[PDB]
Amino acid sequence: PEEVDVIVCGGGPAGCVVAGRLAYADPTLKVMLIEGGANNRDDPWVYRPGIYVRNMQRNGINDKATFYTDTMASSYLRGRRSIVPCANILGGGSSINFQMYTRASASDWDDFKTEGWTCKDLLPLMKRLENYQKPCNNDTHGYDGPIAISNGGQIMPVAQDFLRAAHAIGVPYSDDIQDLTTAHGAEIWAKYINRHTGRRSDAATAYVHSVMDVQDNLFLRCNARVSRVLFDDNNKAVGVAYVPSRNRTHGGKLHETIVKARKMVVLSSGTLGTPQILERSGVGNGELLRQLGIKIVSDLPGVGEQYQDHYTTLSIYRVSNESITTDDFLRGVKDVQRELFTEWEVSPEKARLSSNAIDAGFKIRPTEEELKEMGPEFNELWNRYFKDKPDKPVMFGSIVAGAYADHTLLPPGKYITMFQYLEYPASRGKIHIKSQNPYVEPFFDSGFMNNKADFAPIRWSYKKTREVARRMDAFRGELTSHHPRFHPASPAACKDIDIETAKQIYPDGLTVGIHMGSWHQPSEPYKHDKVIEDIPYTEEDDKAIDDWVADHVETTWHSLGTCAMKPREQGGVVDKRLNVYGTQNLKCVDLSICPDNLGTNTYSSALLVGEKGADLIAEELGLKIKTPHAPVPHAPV
Amino acid sequence: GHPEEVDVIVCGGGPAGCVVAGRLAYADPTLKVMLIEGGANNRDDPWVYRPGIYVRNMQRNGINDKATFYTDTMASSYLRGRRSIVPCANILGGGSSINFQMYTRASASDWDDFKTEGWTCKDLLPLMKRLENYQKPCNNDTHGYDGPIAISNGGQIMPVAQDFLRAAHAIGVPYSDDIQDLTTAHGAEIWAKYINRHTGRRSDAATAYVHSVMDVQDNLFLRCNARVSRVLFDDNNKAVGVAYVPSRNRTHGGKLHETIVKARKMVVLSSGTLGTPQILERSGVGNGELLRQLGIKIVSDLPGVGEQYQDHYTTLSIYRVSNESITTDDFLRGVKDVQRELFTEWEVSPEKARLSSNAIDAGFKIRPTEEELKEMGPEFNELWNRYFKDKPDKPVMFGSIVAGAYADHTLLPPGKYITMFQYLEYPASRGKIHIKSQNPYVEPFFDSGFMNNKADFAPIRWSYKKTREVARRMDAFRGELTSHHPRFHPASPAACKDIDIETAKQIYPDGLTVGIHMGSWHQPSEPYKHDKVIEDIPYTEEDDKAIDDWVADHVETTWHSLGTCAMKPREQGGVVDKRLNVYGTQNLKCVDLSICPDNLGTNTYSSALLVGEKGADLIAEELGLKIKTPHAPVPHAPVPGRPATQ
Ligand SMILES: Cc1cc2nc3c(=O)[nH]c(=O)nc-3n(C[C@H](O)[C@H](O)[C@H](O)COP(=O)(O)OP(=O)(O)OC[C@H]3O[C@@H](n4cnc5c(N)ncnc54)[C@H](O)[C@@H]3O)c2cc1C
Ligand SMILES: Cc1cc2nc3c(=O)[nH]c(=O)nc-3n(C[C@H](O)[C@H](O)[C@H](O)COP(=O)(O)OP(=O)(O)OC[C@H]3O[C@@H](n4cnc5c(N)ncnc54)[C@H](O)[C@@H]3O)c2cc1C
């Protein structure tokens, strides 16, 4: 058509819930979901979980991601221009992400300090979205929601190996680290995978294609980049203008098509996308819009400010050749890939590919002792933010059964990577547009490590995750190339592959065991007997780690906080009901609205914001949300 | 044994024929009905029920026997001296056993324009829903959900589909959830298939209407491999039965081996646009001068028997694509382990399998602007005013991306391809088919009649340019296949650009021959740049004339034959009643697409079924039978009666 009731802009977790719930709640209500990227419906490069890694390739084929590079270099990162991707496909992150089922701790929601948003307030909505298909010992999960959650088809022998090691350095085992209370414990790590079908638990098939298969009131435009919201003379959002995904017209001319809104315009276009739409619509910092030739609808300085992410570091460790890992599949060995593709088709329920291979991990929190060696600047964050907040973790740590790094830069053999990220950083960034044009790259700043308090925890994490690695059965060495630049004589210096493992990789190789060049100090072969003591570290080694953090820290795609929800005088952008200040009929509901960070992989969060926004809109339209939701394609119920 | 007498005899087991015999046999288990089909039985044959191998059925290779080839008796000045080949189906299920399985529906006005009571759109709307089991989302209530024939997006949509839509948006053809809503003249969709979403099997009419009934009742008789010669008549021109001969003429002395089977109540003719007129003519029902010259005793003088042969007119614009693109070419080539990988996939999981598609996964119906109408000349403008002007639901051209070449790969270079499959919705040009002898094995006179009306050139020309602009904007695009494109002057800015160097080297990394200019046989395209600004190919009068030549050289049938036994009054050369009775006879109907008095803007499987549904209703009431809903459950399908997921 040209006109409908609710327009949802962006087809991410949040957007898919809003559009899907409202369209099901009332079949009269015409809602249209507009998404920049492509439709994901029945795409074997979405619904199969194991091929997740490739959606982060800058290979000029991958069209499922937009890559946001920093405008200028950062001193704090020793001169590098940070890259932050995000989804360009229906589903958003849910079509391309690691599928790690994590949840925030309880206090995180209370620290929003906003009525409607306590843990207490959201707990029932949390249960409403979840389809929990694994055991636990608490009452904290839901069992008839759309989003299937499990340990997946098969757990890799390294998972329990990681756990055995975590126990040995005094992290306790728990059945569920996602019970809203835990900050220091270790688990088998669940996925957004259906235990029964082997399929990825995307938001689009759960909430949108579910509804489109049974009713005719839900409209979908994919390959459609929403330029701006259309405004009234009294600032009521009337409609929405989108352009084609490609800029491939005659003479590169703009081609806007307009769609009009009777009731609501919803901005679910992501932490990076949403502030851009608001800013080119005329809703942002007044100084910026003036210069850009944009008439001011509302003057909001915090639009596109306070960029919060999680700060990833990837410690990589060499493992035994008998170890089962993803590396040969990731390199694209032919009949490795044929085997796992065939195994998934025949038996999704036991298939290796029905997993993300991130099968174990922990949330961690430092000791009275450990806090002494983490510097003054972090201790000030601790006393203020953490000290009397026992349910908040400081670092995340998981085991990927394979290298998560360009294998074109990795030696042969088997790897595991320790996937770490900083939970509540103090650093902050920003994103502003440089034009009315919706094809120009915007100004961008990661803001990674611009606060000094963020080094001490990551450094701590490096030494900790390493003490685990060294205590595992599968461990053979540290990939020197991808590790800190310790001094060769420091006791903390790396030790690379041992000779027995090397010889196994190239049994007829002429180069194995040639000392010439002294490029590594090899490990002594594996002894199951070996007694192990913690690696000592000097102030020198601690500089080396910091330097390593500044050169190799990255985004975790856990982007939030650019349209913050807090009072307008503080800088915030939305009401408690997520209305953009000084407009009518306009709400921003996605991770943009977070005023404060969460201790979690953020698919659970984006969904929960999406459930809450559906509640708020539904009681504003006098509509009642159905439970359960429409039956979800390819699922037994 | 088999019966020597029954109630109703349906001659020809196509879509229409299958609806009739099925609906009636299910409507009364006492009613004895015999379906006689010239082709072979299609039941549980993996070269029918797998949608992915459809291409093979048009091979003229000495092996394939699921098609009869009718060639023009005389060269056509209009095609530049070439004799035109039109195949039709030679198998139970007719075209529904061997076609592209593209789900398309006529526009509302097409039916209205028959100008015959009982055949209005709103008259036929319930019968349209009665036959469908629609297995995809759409934002309308135009479809049915408990009919026999399953319709879906198939197992796996190709990445080039959504790419094609992006390019079609870039040139102002709008996206829509459903272009088959009897309403749309201008728009682009993901194109559905006559393929059962859950089983991944071909939704042919024989299994859906006939085999279903034969499983649960004893009163439906099937006689395959039986060419219907002629209709036996009474002294009062009542049809009293039918005589058939073997499919293969391989008897002692090359002799005529006729078996007779009598009909108590009705003889139905459903042998297709090409078949039915011949059966009528060699029975004594057609042009009197022709029948008097051939020594056939005249039953009914109908000059319009085998006149007004219409069709849709196809052109195939072939383009080269990136080597990382997913296409069908290697599978069509017969690369052993590509075939092996795809046959295995469909066996294990038909619900997601690439073979559960036709690979024709996106397209558009298109209508020109006033802007574009000026380009198209006086003889197409006279047609527009006369036919399309105040008929806003009628499209001029159809267009769909095939994810591969639809052409002899023996004549194609290596690499990967896509074709813009294009056809003319409502041609002005008309053809004819008449028999040459009483013998049912001699070839008839034939005349495609393609392009014998100059009005047809201009819209196809406009299609070439329009689909070419769509090609040029795609992510997968790597050039035109010069060899299979119009003969532009090489200095023209409309001249073809063939494969670029980077894509070429990928084809043959260790080839000694890649990059040799010598011969200058192709103007290479410059390598793919994601950023590239594109501008439309400009054309001249000379370029236009090149394309008109290309159209005359390379235009073909779309297998959408209709119109040989037109339903209109006898004094205007019509052949049948508004109840599809053959003028001058009793207890004889035609129910197949031969009856259509005017074209329909659609892939005609939908329309052939609808005429069968209508024919069943007409015969039912004549016999006082009520048609049962839903029909007998369909082999290999699951138990369904409203919109659902999978
Ligand atoms: C590679 C990756 C790995 C991750 N790892 C994990 C993990 O292990 N576990 C976990 O639970 N979560 C993970 N996440 C985090 C989580 O998926 C995201 O935080 C979540 O998807 C946020 O949802 P959103 O709707 O707020 O934004 P998004 O998911 O990014 O969705 C935004 C959507 O809006 C569209 N859009 C942008 N601009 C426009 C426009 N102008 N018009 C129309 N549409 C537009 C985009 O195309 C996109 O589809 C990860 C994310 C990614 C990308
Ligand atoms: C290769 C191909 C591609 C096509 N593409 C599409 C598409 O993508 N989508 C779509 O919707 N439609 C398509 N069509 C068109 C569609 O299949 C036909 O319009 C439809 O099958 C016509 O049905 P019918 O009953 O009118 O005649 P037919 O389907 O031709 O059936 C006639 C039957 O009569 C039999 N017969 C003929 N003469 C005699 C005789 N003397 N005695 C006994 N039996 C006889 C034949 O064996 C045949 O089985 C295509 C057809 C073909 C062949």
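A few notes on this one:
- The range A:527-562 - residue that is out of contact with any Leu (no Cβ under 7 Å at 6 or more places or on another chain) and within 13 Å of A:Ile593 (Cβ to Cβ) and, of those, farthest from ligand 2 (Cβ to nearest atom): A:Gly561
- Filtering A:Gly198, A:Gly185 for residues that are within 23 Å of the chain's Cα centre (by Cα), within 14 Å of chain B (Cβ to nearest Cβ) and over 30 Å from B:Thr142 (Cβ atoms) leaves a single hit, A:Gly198.
- Candidates in the range A:523-561 are the residues that are under 30 Å from A:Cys86 (Cα atoms) and in a helix (DSSP H, G or I); of these, the one that is nearest to ligand 1 (Cβ to nearest atom) is A:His552.
- Of the criteria (1) over 27 Å from B:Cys565 (Cβ atoms); (2) part of a strand (DSSP E or B); (3) assigned by CATH to the domain that holds B:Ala616, which one B:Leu232 fails: (1)
- Sole residue being more than 19 Å from the chain's Cα centre (by Cα) and of a type in the set (A, V, I, L, M, F, W, C), chosen from B:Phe398, B:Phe421, B:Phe380, B:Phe364: B:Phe380
Conditions tested, residue by residue: (1) more than 21 Å from A:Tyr242 (Cα to Cα); (2) of a type in the set (A, V, I, L, M); (3) not in a strand (DSSP E or B).
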| site | (1), (2), (3) |
| --- | --- |
| A:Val6 | no, yes, no |
| A:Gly11 | no, no, yes |
| A:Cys16 | no, no, yes |
| A:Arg21 | yes, no, yes |
| A:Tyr24 | yes, no, yes |
| A:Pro27 | yes, no, yes |
| A:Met32 | no, yes, no |
| A:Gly36 | no, no, yes |
| A:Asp42 | yes, no, yes |
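- Extreme residue, nearest to B:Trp559 (Cα to Cα), among residues of the range B:445-461 that are in a loop (DSSP other than H, G, I, E, B) and of a type outside the set (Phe, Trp, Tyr): B:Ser448
- Screening A:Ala87 with (1) more than 24 Å from B:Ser325 (Cα to Cα); (2) buried (at least 24 other Cβ atoms within 10 Å of the Cβ); (3) not hydroxyl-bearing (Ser, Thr, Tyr) gives one miss only, at (1).
- Residue count for the range B:554-573, restricted to those that are farther than 30 Å from B:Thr419 by Cβ and either in the same structural domain as B:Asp456 (by CATH) or touching a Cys at 6+ places or on another chain (Cβ under 6 Å) (or both): 1
- Set side by side, the residues A:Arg318, A:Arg280 differ, and just one is within 12 Å of ligand 1 (Cβ to nearest atom), of a type in the set (D, E, K, R) and over 17 Å from A:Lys587 (Cβ atoms), which is A:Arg280.
- A:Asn62 of a type in the set (S, T, N, Q), within 16 Å of ligand 1 (Cβ to nearest atom), surrounded by fewer than 23 Cβ atoms within 10 Å (Cβ to Cβ) and assigned to a loop (DSSP other than H, G, I, E, B): yes
- Elements of type helices (runs of 4 or more DSSP H) in the range B:282-383, at least 1 residues being within 14 Å of chain A (Cβ to nearest Cβ) and buried (at least 22 other Cβ atoms within 10 Å of the Cβ): B:336-348
- A single entry from A:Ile61, A:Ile89, A:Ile34 fulfils the requirement of being touching a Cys at 6+ places or on another chain (Cβ under 6 Å), within 14 Å of chain B (Cβ to nearest Cβ) and β-branched (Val, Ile, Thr): A:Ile34.
- Residue check, B:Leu274 in a helix (DSSP H, G or I), crowded, with 16+ Cβ neighbours inside 10 Å and either within 16 Å of ligand 2 (Cβ to nearest atom) or within 14 Å of chain A (Cβ to nearest Cβ) (or both): yes
- Single condition A:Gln160 does not satisfy, out of (1) in a helix (DSSP H, G or I); (2) buried (at least 22 other Cβ atoms within 10 Å of the Cβ): (2)
- Yes/no for B:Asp235 being among the acidic types (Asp, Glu), on the phi < 0 side of the Ramachandran plot and buried (at least 21 other Cβ atoms within 10 Å of the Cβ): no
- Test for B:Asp177: is it within 14 Å of another protein chain (Cβ to nearest Cβ), within 20 Å of the chain's Cα centre (by Cα) and either more than 20 Å from A:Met32 (Cβ to Cβ) or part of a loop (DSSP other than H, G, I, E, B) (or both): no
- Hey, B:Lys589 more than 30 Å from A:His634 (Cα to Cα) and in a loop (DSSP other than H, G, I, E, B) or not: no
- Some residue of the range A:513-530 being out of contact with any helix residue (DSSP H, G or I) (no Cβ under 6 Å at 6 or more places or on another chain), closer than 25 Å to A:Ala360 by Cβ and buried (at least 20 other Cβ atoms within 10 Å of the Cβ): yes
- Residues in the range B:133-157 that are within 21 Å of the chain's Cα centre (by Cα), over 19 Å from B:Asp361 (Cβ atoms) and part of a strand (DSSP E or B): B:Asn133, B:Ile149.
- Hey, B:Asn57 within 12 Å of ligand 2 (Cβ to nearest atom) and part of a loop (DSSP other than H, G, I, E, B) or not: no
- Scanning the range B:117-131 for residues that are under 15 Å from B:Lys568 (Cβ atoms) and buried (at least 20 other Cβ atoms within 10 Å of the Cβ) yields a single hit, B:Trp119.
- When A:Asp309 is tested against (1) within 15 Å of ligand 1 (Cβ to nearest atom); (2) under 30 Å from B:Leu165 (Cα atoms), just one condition goes unmet, and that condition is (2).
- Residue pairs meeting the criteria (Cβ under 6 Å; at least 6 apart or on separate chains; first within 16 Å of ligand 1 (Cβ to nearest atom), in the range B:87-99; second part of a helix (DSSP H, G or I)): none
- Scan of the range B:235-261 for residues that are under 23 Å from B:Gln586 (Cα atoms) and either in a strand (DSSP E or B) or aromatic (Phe, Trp, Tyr) (or both), ordered by number: B:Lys238, B:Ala239, B:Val240, B:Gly241, B:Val242, B:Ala243, B:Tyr244, B:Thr259, B:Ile260, B:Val261
- Members of the range A:208-234 that are among the polar types (S, T, N, Q), more than 7 Å from chain B (Cβ to nearest Cβ) and within 16 Å of ligand 1 (Cβ to nearest atom): A:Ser227
Cβ coordinates were reconstructed from backbone atoms using ideal geometry, including for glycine residues, and neighbour counts include every protein chain displayed. All of this is worked out from the model, or read from it or from the source named; these are not laboratory values.
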